[PDB]
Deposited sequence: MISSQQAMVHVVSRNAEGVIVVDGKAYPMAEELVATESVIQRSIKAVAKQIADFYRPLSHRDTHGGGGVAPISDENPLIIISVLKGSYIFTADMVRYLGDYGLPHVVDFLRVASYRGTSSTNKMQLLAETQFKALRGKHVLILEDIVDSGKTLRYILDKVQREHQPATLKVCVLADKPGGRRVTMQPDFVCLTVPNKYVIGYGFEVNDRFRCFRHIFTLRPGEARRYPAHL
């Protein structure tokens, strides 16, 4: 049970901690973790029956295994906390997998280092689908460079009211309101990512830290 209240300044307090930058609470840690673990079970149940290119034993097709694991691509920097939690739940459910990272910014800043993804099942882990443009860019790049057998996306958050292009992730942990979200990886110039809960940001507060880090 989380304790959620407001102090005399009208500021949201969760478990004794004040969040003056927040407009509303979206999800507590308990709700977020339960939602991630539920999707981890969906992911493990979906992939464990599948087979793909055998690079351990010299061809042809073999079951997903520790020898030929599911390939996971995590999008830095936003998905790193979500990924750390998800992979541990995937391990709990016994899904063989390995993780590489790509970094994008608003440009590709860092490329994946994995070089044998041809004919492999590949799952992208991303923080949020809002407009859909970021994931359309990533999916196109990953498909053209790696030629995977299949390419799917799991997002922590879906903001369905923000779409500008068609983008429907295969796995969604939580739905967020049509507002700027902060906490659990979600940032304002790298601030707020360490919050264990997700909140909506007070309007105009997205310009609070103008200085480039």
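**Student:** Counting from residue 1 of the deposited sequence, where are the gaps with no C-alpha coordinates?
**Tutor:** No C-alpha for residues 1 to 8, 115 to 124.
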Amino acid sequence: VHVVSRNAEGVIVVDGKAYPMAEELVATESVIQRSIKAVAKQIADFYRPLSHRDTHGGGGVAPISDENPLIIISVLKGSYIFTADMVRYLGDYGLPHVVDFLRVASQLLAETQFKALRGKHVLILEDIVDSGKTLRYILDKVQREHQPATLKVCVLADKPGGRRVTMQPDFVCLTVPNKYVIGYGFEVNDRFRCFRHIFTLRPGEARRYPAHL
From here on, numbers count along this sequence of modelled residues.
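**Student:** Answer yes if residue 143 is missing coordinates in at least a third of the other compared entries, and no if every one of them models it.
**Tutor:** In none of the comparable entries (those modelling both sides of it) is residue 143 left without coordinates.
**Student:** Considering only other entries where residues before and after it are modelled, is residue 107 without coordinates in at least a third?
**Tutor:** No, residue 107 is modelled in every other compared entry.
**Student:** Would you mind comparing 178 to 186 and 142 to 150 for me and telling me which has the higher average C-alpha temperature factor in the entry?
**Tutor:** Higher mean C-alpha B-factor in the PDB entry: 142 to 150.
**Student:** Determine, for stretches 169 to 177 and 50 to 58, which one has the higher mean CA B-factor as deposited.
**Tutor:** So the stretch with the higher mean C-alpha B-factor is 50 to 58.
**Student:** Which third, lowest, middle or highest, does the CA B-factor of residue 111 fall in along this chain?
**Tutor:** Answer is highest: the recorded C-alpha B-factor places it there.
**Student:** Among all modelled residues of this chain, ranked by Cα B factor, put residue 164 in the bottom, middle or top third, i.e. lowest, middle or highest.
**Tutor:** Residue 164: CA B-factor falls in the highest third of its chain.
**Student:** Among the modelled residues of this chain, does the Cα B factor of residue 104 put it in the lowest, middle or highest third?
**Tutor:** It falls in the top third of the chain.
**Student:** Should residue 16 be placed in the lowest, middle or highest third of its chain by the C-alpha B factor in the entry?
**Tutor:** Top third by C-alpha B-factor.
**Student:** Would the CA B-factor of residue 118 place it in the lowest, middle or highest third of its chain?
**Tutor:** CA B-factor rank for residue 118: highest third.
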